[PDB]
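The chain below stands alone and is given as structure tokens, in the form deposited without 2,5-dihydroxybenzoic acid.
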């Protein structure tokens, strides 16, 4: 069944985290209106994320500030949703024995990842793939 590996990162979901991406040095953010992107401002109140498990390897990425869920639509674009749906689950995996990568479960077979461009804007599912800097995240303490 699995279309991807199962190397899992060290860590827990006990506390929220910040999802930092080295590509351009941004923190993934889920704005109030549902907008998803990144920002370099560590003080931003919409970058604090609480992850939680579903099945092993699966996570929900929720904004602690606004209760919103990260989702990826059928075109590969990320957005914030009020409640969970059939497109808010992601496969949390280790990558390069160090970073964390988030793959859209629903679109696992397409190799669609959560990613941030160098300019701070989100990547489109179809424009991401293994080996990109934009898909590498480091979960940091708030």
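Positions refer to the first chain, counted from 1.
Visitor: Got a sec? Mean C-alpha B-factor, which is higher, 90-98 or 76-84?
Guide: Taking the mean C-alpha B-factor of 76-84 and of 90-98, the larger value falls to 76-84.
Visitor: Comparing 117-125 with 5-13, where is the mean C-alpha B-factor higher?
Guide: Comparing 117-125 with 5-13, the higher mean C-alpha B-factor belongs to 117-125.
Visitor: Is residue 45 in the lowest, middle or highest third of its chain when residues are ranked by C-alpha B-factor?
Guide: For residue 45, the deposited C-alpha B-factor lands in the highest third.
Visitor: Rank-wise, by C-alpha B-factor, drop residue 68 into the lowest, middle or highest third of its chain.
Guide: For residue 68, the deposited C-alpha B-factor lands in the middle third.
Visitor: Of the three thirds of its chain by CA temperature factor, lowest, middle or highest, which one includes residue 57?
Guide: For residue 57, the deposited C-alpha B-factor lands in the lowest third.
Visitor: Split the chain's modelled residues into thirds by Cα B-factor; is residue 104 in the lowest, middle or highest one?
Guide: Tercile = lowest for this residue's CA B-factor.
Visitor: Looking at the C-alpha B-factor of residue 135, is it in the lowest, middle or highest third of its chain?
Guide: According to the entry, residue 135 has a C-alpha B-factor in the chain's lowest third.
One more form of this protein exists, namely the form deposited with 2,5-dihydroxybenzoic acid bound; it is left out here, but the text below deals with it.
Visitor: Taking the pose of 2,5-dihydroxybenzoic acid in the deposited complex and superposing the surrounding C-alphas, is this site open or blocked by backbone or C-beta atoms within 2.4 Å of 3 or more ligand atoms?
Guide: Transferred pose: open.
Visitor: Does residue 134 make contact with 2,5-dihydroxybenzoic acid in the deposited complex, using a 4.5 Å heavy atom cut-off?
Guide: Taking the distances in the deposited complex, the answer for residue 134 is yes, it comes within 4.5 Å of 2,5-dihydroxybenzoic acid.
Visitor: Though only this chain appears here, would residue 123 touch 2,5-dihydroxybenzoic acid in the deposited complex if you measure heavy atom gaps against 4.5 Å?
Guide: Contact check for residue 123: yes, within 4.5 Å of 2,5-dihydroxybenzoic acid in the deposited complex.
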